[PDB]
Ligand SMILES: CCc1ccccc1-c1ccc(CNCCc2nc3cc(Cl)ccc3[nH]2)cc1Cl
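The chain below stands alone and is given as structure tokens, in the form solved without the ligand.
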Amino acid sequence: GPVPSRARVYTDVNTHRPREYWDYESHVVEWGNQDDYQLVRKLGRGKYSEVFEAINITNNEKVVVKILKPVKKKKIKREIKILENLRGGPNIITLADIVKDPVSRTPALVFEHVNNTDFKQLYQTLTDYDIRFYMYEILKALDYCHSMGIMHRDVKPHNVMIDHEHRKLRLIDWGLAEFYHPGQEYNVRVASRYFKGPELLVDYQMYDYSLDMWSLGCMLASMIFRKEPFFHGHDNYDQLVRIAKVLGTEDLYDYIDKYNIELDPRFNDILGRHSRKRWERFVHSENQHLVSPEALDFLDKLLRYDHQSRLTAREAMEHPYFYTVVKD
């Protein structure tokens, strides 16, 4: 069987919290007044919800309302509990209210509003300095939630709201987030394909906060190299092949051998043999202004097969890549 794994940091945070902190199935929702909020326009539709711009008519302020589609109540309570636990933390989206929508017959989450620019358009304008700045701001959110016993499990550009005018960033969509408990086995059907960690792609269930660090590395690679997404797989199997063409097949075998994991035999015909590549091969005249030796070293230390070898969020904040970021 597979060798077990533990987080190298924040391992016991939920063990020593009171049960109420992580026992989201028992959480009792405090409902606000649904009539306080007037929907203005639909912003998006997801797998599990629709999201709207709205006005809070008790203060005439803009808010964002996420009306959940039907899903098991445990999942709804999990997201609500995590948002309440994390509220006030650095760059964590603020849950302002929870109301019962009379049409959907489901909960509607009310969030603070971020005047965001969509990442496809924002990322073609960010400078080297902008990228370092916003990466540091994401790390603040990730170190906070990890230190609070929570893994996000869906880090991707779509879930980072940036108001570029005010240099304001919020990490959103905590609907896939979970509490970390040592030895717990988790669903591997999390994160978006391009941001899935090797642990998910080889079906290793005893993963931890370090999953978010792989996803963050995928975001970094796409921004500094100007290739979005960086690892562009056509399905979950090809996703691992795309990663192996860069990190190499020998270290993939070292990873699964360490945890006594077997690759899906489907890979026998598609994986091939690949050397590990040097990151300099992805640098060219149209992205070199975003690349530095510090950026490549930092990226190299995030994108490790072995989840136990990746930088933690706190270690990442100590990396020389962030020395040029102005600290407040």
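For every residue, the number given is its place in the sequence shown, counted from 1.
A second form of this protein, the form solved in complex with the ligand, is not displayed here; the remarks below concern that form.
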{"item": "44, 119 and 160 all contacting the ligand in the entry with it bound, non-hydrogen atom within 4.5 Å", "value": "yes"}
{"item": "Partner-contacting position among 246, 206, 96, 126 - heavy atom within 4.5 Å of the ligand in the entry with it bound", "value": "126"}
{"item": "One residue of 141, 82, 213, 135 in contact with the ligand, assessed in the entry with it bound (non-hydrogen atom, 4.5 angstroms)", "value": "135"}
{"item": "Non-hydrogen atom contact residue 302 with the ligand in the entry with it bound at 4.5 angstroms", "value": "no"}
{"item": "Contact test in the entry with it bound: residue 223 vs the ligand, heavy atoms, 4.5 Å", "value": "yes"}
{"item": "Residue contact check: residue 219 to the ligand in the entry with it bound, 4.5 Å heavy atom", "value": "yes"}
{"item": "Contact of residue 51 with the ligand in the entry with it bound (heavy atom, 4.5 Å)", "value": "yes"}
{"item": "Residues in 88-106 with any heavy atom within 4.5 Å of the ligand in the entry with it bound", "value": "none"}
